Structure formats: C-alpha cells, structure tokens
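The chain below stands alone and is given as structure tokens, in the form solved without this ligand.
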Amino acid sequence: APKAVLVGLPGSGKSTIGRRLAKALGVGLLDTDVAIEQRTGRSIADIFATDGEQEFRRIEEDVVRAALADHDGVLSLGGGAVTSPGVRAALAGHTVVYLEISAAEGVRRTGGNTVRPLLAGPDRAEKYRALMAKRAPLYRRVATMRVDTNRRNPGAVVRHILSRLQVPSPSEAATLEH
C-alpha cells in the first residue's frame, strides 16, 4: 500500500510535494492522472469530451484501486477522484494526506486570476471558489493527516509529513548486535 496518498485542490502541491516526499523516502511516485493517460493512450481532456465525466470517473476509479493495491510509494490523486463514492471506499485504511490551501493562494499558485469578460459573469477566482466549496469537504472526509500549505514552503510541508509517517524498524535491536 502507498506510504502516502496525496489529495488537494489545484495548486495545493500534489506534484511538488509528491516529488519531494518520494525523494525523501526513496520511493516511487505515481500520479493517477498520468496513470490514466498511460493505461489508455488518451488525454484526460479527450476522455472527458468524448466519453463524459461518468465514464472518466469509472476509468479513474479502476486506476486508483489498482494503484492502492500495487504501489508501495507515494501516490497523488487527480482532483476529482474523491467525488466517486467507490474511491472514498477504496481509500479507507490508507494514509491520506490532505494538502490544504486557501482560495487566494490556490489561484496565485495556479497562474493568478483572469480577465473578466462580463461584469455580471464569473472570473477564474470565482470558479476556483466554487470548486473549493465542493471538493474541500470531501478531502476532509477522507483525510488521515491534514497539512496547511498556505504558510509552509515545500521543504517544511515535507518535513511535517515525514514526522507523522514514521515506521519503526522491527530488526532495529538485532542490527545493533551484529
């Protein structure tokens, strides 16, 4: 089972923390969005446009379940996987690290806000606020560790996680005797 499954909004650090944590632990890194593309030979966008969100979620759930079973390293989940009840079921029992971020920081860390075409319509910051409102409660539900990334740089985030993922060595005593 993965050492850690990372979940969070866009810009929360799934890629950055994924790499740095996997480096610190000396383990493999798998991202479920990349894994879907690798297993199908189709872009995420194409699967959505062509098959619809529900079939994307189906493919996604199979990939997530396989990775939870087979991957021993760090796993990062695509943002919407937790919307599938079967994915929430599959995660139960795993180490699930929720990288927390505010709307303002999430927008900044994903390229900033956009020009607003119509005063009466929404801008990028407002769309992000909507995604947060819907996703954040689900990340909270599935989490076993919550880490605020708003005021910690990536090195600090990784050190915080490592301090809470420790594994005692069962052969520790004997090692000192040989």
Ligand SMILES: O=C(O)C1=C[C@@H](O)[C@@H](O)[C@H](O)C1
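In this text, rigid core is short for the largest set of C-alphas that superpose within 1.5 Å between two forms. The first residue of the shown sequence is 1; numbering continues from there. Shifts are known only where both forms have a C-alpha.
There is also a form deposited with this ligand bound; it is not shown, and the following applies to it.
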May I ask you to state whether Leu118 is within 4.5 Å of this ligand in the deposited bound form, using heavy atom distances? yes
Heavy atom to heavy atom, is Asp33 within 4.5 Å of this ligand in the deposited bound form? yes
How about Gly73 - does it come within 4.5 Å of this ligand in the deposited bound form, if we only consider non-hydrogen atoms? no
Contact test in the deposited bound form: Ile59 vs this ligand, heavy atoms, 4.5 Å: no
Determine the residues of 86-111 with a heavy atom within 4.5 Å of this ligand in the deposited bound form and present them in sequence order; the list may be empty. none
If you fit the rigid core between the shown form and the other one, which of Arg116, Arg146, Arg65, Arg39 ends up with a C-alpha shift of 2 Å or more? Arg116
Moved residue ranges in sequence order between the shown form and the other one, Cα 2 Å or more, at least 3 long, core fit: 111-122, 166-169
